[PDB]
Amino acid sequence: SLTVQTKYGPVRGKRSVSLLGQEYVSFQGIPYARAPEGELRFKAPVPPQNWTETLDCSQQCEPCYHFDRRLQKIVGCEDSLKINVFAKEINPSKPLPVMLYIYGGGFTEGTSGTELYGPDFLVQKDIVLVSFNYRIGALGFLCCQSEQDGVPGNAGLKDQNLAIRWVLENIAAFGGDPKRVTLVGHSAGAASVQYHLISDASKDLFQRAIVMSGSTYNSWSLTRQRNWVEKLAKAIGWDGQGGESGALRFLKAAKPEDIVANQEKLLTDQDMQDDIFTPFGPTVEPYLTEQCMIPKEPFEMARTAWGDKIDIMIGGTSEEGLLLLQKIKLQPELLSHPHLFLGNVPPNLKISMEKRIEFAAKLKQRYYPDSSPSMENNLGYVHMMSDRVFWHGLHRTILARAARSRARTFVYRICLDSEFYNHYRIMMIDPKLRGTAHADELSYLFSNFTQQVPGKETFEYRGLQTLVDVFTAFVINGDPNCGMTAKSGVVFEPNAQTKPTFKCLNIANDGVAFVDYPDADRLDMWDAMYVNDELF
């Protein structure tokens, strides 16, 4: 009464009781790829081999290798390319719309586990939630330029492609409707969605998408190759012999715990002034396979995106930049660094050094007209980092949709500022701070390990239900209007302007509203640095 046939074998899930009270069928750890093990390490994913014996998926699986920062421990397993189905029940005769989730984690960490991405809140509406593991860091994004070596790159993105291909081919038997799939992603997970939207390799595999605080227009979404395959082999303790090819087979020989340990560790150039966020991330592939995700420059891929023909919802939070203070609590006075401003003028502009000098002055006057950056006078830098790192990419994505897509584009802004419920800002950043930070909003969508729940008279509860309602509203009929928006007398309309800005649903403590983006003036300034460069 809880066994399902997948295309590769039989699968038995569990039944359970939400943090709210409702019951739901759960399946966890369903293979969709053969363990990228041994020889297949670093490589594109291949299906699993058929298995005849009913496999237990009543318990969560281990994540793809990484440093789990909540534990401060390396963790994982290489055989972790498994997928997860949550739903109130299985109706193979009433096929429900699918929400498919892709986790974030800077392409370096992340997990599909119900300890950050709890289905309790979302399984109340009538959808099918899906979530899955894809490989991260070097293990998922190593790039060997010799075709001889079979590591083109982007193995993690290809893991996500396969996963989507699986939801299509299987979800029918969990009560899913493979032709009503919404792809949803946060941070790197959002940048991932948008690569699926702009790459032909993920063409028409889904119908709608929600893009959260992440974009192909953020510079951190694409890595440049700078001899990373060897710099890592070296740092791990490699003789120097064999070229890149020879560093690879040493890496195929290394404990993955070592790969992880040394990954981000000894890597970046310091010419990350030229924004290299990470070096095991998405890359333009050196040659073409059938599984290829990124054949050429993303910027150009975007101009002819299959995705421009489907509806999407996109947004982020009001103080995304809070993420960036982390690095600032560890060696402050980097806010007194005198290149603090001039090193946030985007590196790759075809502008002279005098313009660049001039732009960084406009940044001072915007974010710190008269006062000095410091751990106590930080809002200006949080705004700066919010714009540079997240929103300018979101905004370009919105402008580009308005120009070249005749689809609907819905824009949101999360402002929920709670003293206890904004978990990521509170646990991972600082219990001191206010504002809405990168991934705060995920507390209002997913249950997590805290088992925490605001108690129905609190505005936090109003927030929870509002998001859950608009996101599932969109997942169900490509229309984000719902009960909660109604009982504030607002209509979430798709965006229909760029000047003076775009219009978004602003979800605040005190409810919702459909307004001009309130921080437009800042982003005008970022647009203006792009005066000799094409925005989209």
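Each residue number is its position in the shown sequence, starting from 1.
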For this session: Return whichever of 510 to 518 and 12 to 20 has the greater mean Cα B factor according to the PDB record.
Result: 12 to 20
For this session: With reference to the PDB entry, specify whether the mean Cα temperature factor is higher for 499 to 507 or for 35 to 43.
Result: 35 to 43
For this session: Return the residue from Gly76, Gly214, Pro431, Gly281 that has the highest Cα B-factor in the entry.
Result: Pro431
Problem set entry | Residue with highest C-alpha B-factor in the PDB entry, from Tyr117, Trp166, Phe107, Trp238 | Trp238
For this session: Please rank the C-alpha B-factors of the chain's modelled residues and tell me whether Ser93 sits in the lowest, middle or highest third.
Result: highest
Exercise. Relative to the other modelled residues in the chain, which third contains the C-alpha temperature factor of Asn218: lowest, middle or highest?
Worked result: lowest
Problem set entry | Assigned third (lowest, middle, highest) for the C-alpha B factor of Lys327 | highest
Problem set entry | Chain third (lowest, middle, highest) by recorded CA B-factor, residue given as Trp51 | highest
Problem set entry | B-factor third for the C-alpha atom of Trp306 within its chain | lowest
